[PDB]
Every structure is written in structure tokens, then in C-alpha cells.
Amino acid sequence: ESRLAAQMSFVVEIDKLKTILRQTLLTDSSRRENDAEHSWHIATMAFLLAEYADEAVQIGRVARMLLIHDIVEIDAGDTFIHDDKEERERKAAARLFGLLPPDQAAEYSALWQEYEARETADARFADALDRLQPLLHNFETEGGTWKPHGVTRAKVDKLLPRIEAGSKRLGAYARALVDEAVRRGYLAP
Amino acid sequence: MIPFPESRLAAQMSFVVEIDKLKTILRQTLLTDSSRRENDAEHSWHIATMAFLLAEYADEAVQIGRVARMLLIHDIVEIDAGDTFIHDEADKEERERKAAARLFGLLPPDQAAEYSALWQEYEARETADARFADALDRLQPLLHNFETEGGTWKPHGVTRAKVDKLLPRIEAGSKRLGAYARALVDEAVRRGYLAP
Ligand SMILES: [Ca+2]
């Protein structure tokens, strides 16, 4: 009974990801986005946008990776990308994934490590989607996150190679979006 | 001005942007700390993650990645149709059919049909994938009600008899998860979280 008990303890504990607030507001500006609903959104993108991945990418695995990528933030908190972290997240991973049975603890902690390293095919596609989504959001909200955080083209352009690493097509989309964003005054030069 | 060859990707992105709105649709399930109601997007995150974690309890014929995808999209229709509490008897079919047409209709035609069908499959709870998806979706609120000491059950007058009507849906996806769920509900009744 202790295997399922451990699994259920993890399922219950990770509810707390819903409480971890990002700097992003929702597209309706009503409230801050949380980590759990953000991971839902990116994971959904992995399936919708699967055709743009390299052939080696395992889309279901990318989805699983994206669903678990921010679990460490339960203990480590959220940091805005444009603003100790590694150590806090390592400790978080040990405690949180440590709730699982040992096989799954090792599997999921390694899958999270793999996401952070952004080396493998799956990790690059995952990371590309995660980096793409705030561009889509910011364009839709006329710079709703960029403006209140004083984000510049320099800081955004620096992240574009991460999208390109996951998909040349999505990279090209992102570049055109950023240029038009600056044109329109959504993003400071 | 989106050139004609960019049409497919633009349609896909229009859907990606639109579905932000799922985050604003609230359920009656509380977070485990009773701090607020759960929203549909974070609910779908949670159940899709459970699909992967609890995969070993699925029938051999289930494709777990497909279950995950199905769960990620299963509530998109609620953007337009809203949430309906499972025990609330009082046009849901028509609302949801119209929602599906508008929302999935943002996608390119191949994916509009694909994703609509996948949602329909989930709702029908006939296929192996749909049964496992539905079992996970029905288990999670039980977990939360146990954590919140009947934080949804009591205010809504939910009784053991009403919950017992739902438990076979869990059993239909996994006998082991069904047994867990029944034992959890037995304990909830003993603790007074759930009217007998
Ligand atoms: Ca509930």
C-alpha cells in the first residue's frame, strides 16, 4: 500500500503549485498567472504545435516534462526571467520528488534536470514553447508584462535563440513578433 | 497582413492565445488548503500530471500521452459554456456543442476536427483512453474534498449516495484507483466530511 500512498502524497502536495504566482497577468489583466495553469498552457502547446518539433522529439514526454518543470517552485518560489536559485531548486526537487516511490523520484527529478539543462531534443522543444508563450501573451496584451517590468528588445532578443533551438519555424515567428512589438511600442527599444 | 502560407500557424496561435481564458473558469472544488476555488486550467494541469504519475494503474491498451492530451483539452468548451457542478441537476449539451464549434473552429480544419473529436471521446467515456481520463478526473475532486474536510461536499449537501453514483466511473478506468477512492470515501464518512 505504501507505493500508492507515496504517489498520492505527491499528487496532493503538488496542488501547491497553483499557489505560486508569476509576474504575468492574465490576458484579461484580472489577476496574476500561477505556475500550474501556466504549465497546463505550455503542455497543451506541445501537442498543438507538435508538427514544428524535430523528428527525434517525443511529444508526450515533452508534455510530461512541461507539466512537472515548475514543481520545484513550490519551495523555491517564482523568479521573473528578466530579473541561490539553483541551490533552492535542487533542495526543492529532493524534497518534492522525494515524496514519490524511489523509481519515480529518480525519474521525475532527472526529467526536471533535463528541462533545466535545455540540451536534449525534448528539453529544447519544451524550453522553446515555454519561451514562446510569453511573447504571444505580451503581443496580445500590447506589452502587458514587458512594460511594467521595463523589459527592452535587448533582453527579449537574448531569449530568441532558445526558441530557435526548439524550432526554426517557431523561432522565425518569434523574431517577426518581437520586431512588430517594438514597431508598435509594446516593447521598449 | 498574414501571408497565405502563414495561415495554418496563425490559426494555431489564435487558438493558443484564446485558451488563456480557461484560467478564468471556476469550479466548486477547493484547493487543498481551502484558500479558493480551483480553476479549469489548473484542474486540467493536475489531472494530466496524474495521468503520467498513475500510468501503471491503466489498462494495457491506454496511450498515456493521448490521455494527457485529452485531459489538457477536455474543458476548453467551458470557456464559453462555463462549469457545471457534477451534482447540480438543473442546456449544457447545447452550450458545449456551440462552444466546441467556435473554439476548436479557430484551429486549422484538420486539428479542429481532431480536437473536437477528442473532446467528444472524453465525454462519451467509452474508449480505453476516455475511461482512464474520466477516472482520473473523478478521483481528483475526492482527494480535494478529503483534504478540505468536505469543503465542497458539505456546503453543497453531497451525500454518500451521490458520491457512490460517481465511484463506478473511477472503477471503470482502474480497479486499484477505484478501491482507493472507495476507501477514501469510507474514511470521509467516518470523519463527518461527507453525509452518510
Ligand atoms: Ca468537488
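Residues numbered from 1 in each chain as written, not as in the entry; some residues may be left out. Chains lettered and ligands numbered in written order. Heavy atoms only, no water. Residues with missing side-chain atoms left out of burial classes, pairs and counts.

For this entry, the PDB record names X-ray crystallography as the structure determination method and reports a resolution of 1.37 Å.

Undergrad: Could you clarify how one ought to interpret the overall build of chain B in this entry?
TA: The helix and strand tally for chain B stands at 9 helices and 2 strands. Scanning chain B from its N terminus toward the C terminus, one meets helices and strands in the order α-β-β-α-α-α-α-α-α-α-α. Taken over the C-alpha trace, chain B has a radius of gyration of 18 Å; the compact-globule value for 196 residues is 16 Å, and the two agree within 12%. With the C-alpha coordinates of chain B rotated into their principal frame, the extents come out at 65 × 35 × 30 Å. (Helix = DSSP H or I, 4+ residues; strand = E, 2+ residues; numbered from the N terminus. Rg over C-alpha atoms; globule rule 2.2 N^0.38 Å.)

Undergrad: It is not clear to me how the interface of chain A and chain B should be interpreted in this structure. Could you clarify?
TA: How big an interface is tends to be stated in terms of accessible area lost as the parts join. In this complex, chain A contributes 47 residues to the contact, which on the side of chain B involves 49 residues. Sorting the residues of the side of chain A that touches chain B by element identifies α1 (2–13), β2 (32–34), α2 (35–48), α3 (59–68), α6 (102–117), α7 (121–140) and α10 (168–184) of chain A as the ones contributing at least two each. In terms of residues, the side of chain A that touches chain B owes the most to one element, α2(A), which gives 10 residues. Per-class residue counts for the side of chain A that touches chain B are 26 nonpolar, 9 polar and 12 charged. (Contact = heavy atoms within 4.5 Å. Nonpolar A, V, L, I, M, F, W, Y, C, P; charged D, E, K, R; others polar.)

Undergrad: Just checking my understanding: could you explain the packing of aromatic side chains for this structure?
TA: By convention here, two paired aromatic rings are described through the distance between centres and the angle between planes. For the coordinates displayed, the defined rule picks out 4 aromatic pairs over all chains. Ring geometry for A:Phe139 against A:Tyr186: centres 5.2 Å apart, planes inclined by 75°, an arrangement best described as edge-to-face. Taken as a pair, A:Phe139 in helix α7 and A:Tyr186 in the segment after α10 lie far apart in primary sequence, 47 residues in all. The interplanar angle of 75° and the centroid separation of 5.4 Å between the aromatic rings of B:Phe146 and B:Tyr193 together place this pair among those described as edge-to-face. Taken together, the positions of B:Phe146 in helix α7 (residues 128–147) and B:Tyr193 in the segment after α9 (175–190) put the pair 47 residues apart, joining distant regions of the chain. Each member of the pair B:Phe146 and B:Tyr193 is classed as buried. (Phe/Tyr/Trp six-rings, centres within 6.5 Å; stacked < 30°, edge-to-face > 60°. Buried < 20%, exposed > 50% of the residue type's maximum accessible area, 1.4 Å probe, protein only.)

Undergrad: Would you mind showing me how to read the pattern of salt bridges here?
TA: As a working rule, side chains carrying opposite charge can pair if their charged atoms are close by. With the rule as written, the count across this model stands at 37 salt bridges over all chains. Notably, a salt bridge pairs A:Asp15 with A:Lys18, separated by 2.8 Å at the nearest N-O pair. Judged on exposure class, the residue A:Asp15 and its partner A:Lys18 are both buried. When the shortest N-O distance is used, the salt bridge between B:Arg8 and A:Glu51 registers 2.9 Å. In this pair, B:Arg8 is assigned in helix α1 (residues 7–18) and A:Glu51 in the loop between α2 and α3, connecting two distinct chains. Within this structure, A:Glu13, A:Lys16, A:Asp75 and A:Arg95 form a network of salt bridges that share partners. (Salt bridge = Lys/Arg side-chain N within 4 Å of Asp/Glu carboxyl O.)

Undergrad: What is the right way to look at the environment of A:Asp75 in this model?
TA: Residues and elements named next belong to chain A. As for its position among the elements, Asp75 is in helix α4 (residues 73–76). Sequence-wise, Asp75 and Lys16 are 59 residues apart; in three dimensions their C-alpha atoms are separated by 9.3 Å. Residues contacting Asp75, with those up to four places away along its chain left out, are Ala92, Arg95 and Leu96. Reaching out from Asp75, the side chain makes a polar contact with the side chain of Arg95 at a distance of 2.8 Å. (Polar contact = N/O pair within 3.5 Å; in protein donor to acceptor, adjacent residues only side chain to side chain.)

Undergrad: Honestly, the pairing of strand β1 (residues 26–30) of chain B in this entry has me stumped. Any pointers?
TA: Walk down a regular strand and you will see the side chains alternate between the two sheet faces. Pairing analysis gives 2 bridges linking β1(B) to strand β2 (residues 37–39) of chain B, with the strands arranged antiparallel. Across the sheet, B:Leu30 pairs through a bridge with B:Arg37, a residue of β2(B). (Pairing = 2+ DSSP bridges.)

Undergrad: Just checking my understanding: could you explain empty space enclosed by the protein for this structure?
TA: Rolled over the atoms, a probe with the dimensions of a water molecule shows which regions are left empty. Here the largest cavity is characterised by a volume of approximately 30 Å³. In terms of lining, the largest cavity is formed by A:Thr27, A:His41, A:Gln133, A:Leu136, A:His137, B:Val16, B:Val17 and B:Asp20. If you list the elements that add at least two residues to the lining of the largest cavity, you get α7 of chain A together with α1 of chain B. With 3 residues, α7(A) is the largest single contributor of residues to the lining of the largest cavity. Split into classes, the residues belonging to the lining of the largest cavity amount to 3 nonpolar, 4 polar and 1 charged. (1 Å grid on protein atoms, 1.4 Å probe; cavity = no way out; pocket = protein on both sides within 12 Å on 5 of 7 lines; lining within 4 Å. Points joined across faces, edges and corners; volume = space filled by probe spheres on them.)

Undergrad: When you look at the pairing of strand β1 (residues 21–25) of chain A in this model, what are you seeing that I'm missing?
TA: Residue and element names in this part refer to chain A. Examined bridge by bridge, β1 and β2 share 2 bridges and lie antiparallel to one another. Within β2, the position partnered with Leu25 by the bridge is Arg32. With antiparallel pairing between neighbouring strands as the criterion, β1 and β2 make up a hairpin whose turn holds 6 residues, including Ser29 at a positive phi of roughly 55°.

Undergrad: How should I be thinking about the packing of α7(A) against α10(A) in this particular structure?
TA: All names here are of chain A. Close contact between α7 and α10 brings their axes to 10 Å; oriented N to C, the two are set at 25°. With respect to α10, the element α7 is oriented roughly parallel. Relative to α10, the crossing made by α7 is left-handed. In this structure, α7 contributes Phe125, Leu129, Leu132, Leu135, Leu136 and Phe139 to the contact, and α10 contributes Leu170, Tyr173, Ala174, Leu177, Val178, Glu180, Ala181 and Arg184. Looking at the contact of α7 with α10 residue by residue, the classes come out as 12 nonpolar, no polar and 2 charged. (Axes fitted to C-alpha atoms, helices over the stretch in contact; angles between N-to-C directions. Parallel < 35°, antiparallel > 145°, perpendicular 65-115°, else oblique. Left-handed = near helix turned anticlockwise from the far one by under 90°.)

Undergrad: What is the right way to look at the packing of α2(A) against helix α2 (residues 40–53) of chain B in this model?
TA: When two helices pack together, you describe them by how their axes are tilted relative to each other and by the distance separating the axes. Running from amino to carboxyl end, α2(A) crosses α2(B) at an angle of 70°, the nearest separation of the two axes being 8 Å. One element, α2(A), and the other, α2(B), form an angle in the roughly perpendicular class. Judged by residue contacts, A:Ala36, A:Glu37, A:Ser39 and A:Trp40 of α2(A) engage B:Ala41, B:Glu42, B:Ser44 and B:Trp45 from α2(B). Split by residue class, the contact of α2(A) with α2(B) holds 4 nonpolar, 2 polar and 2 charged.

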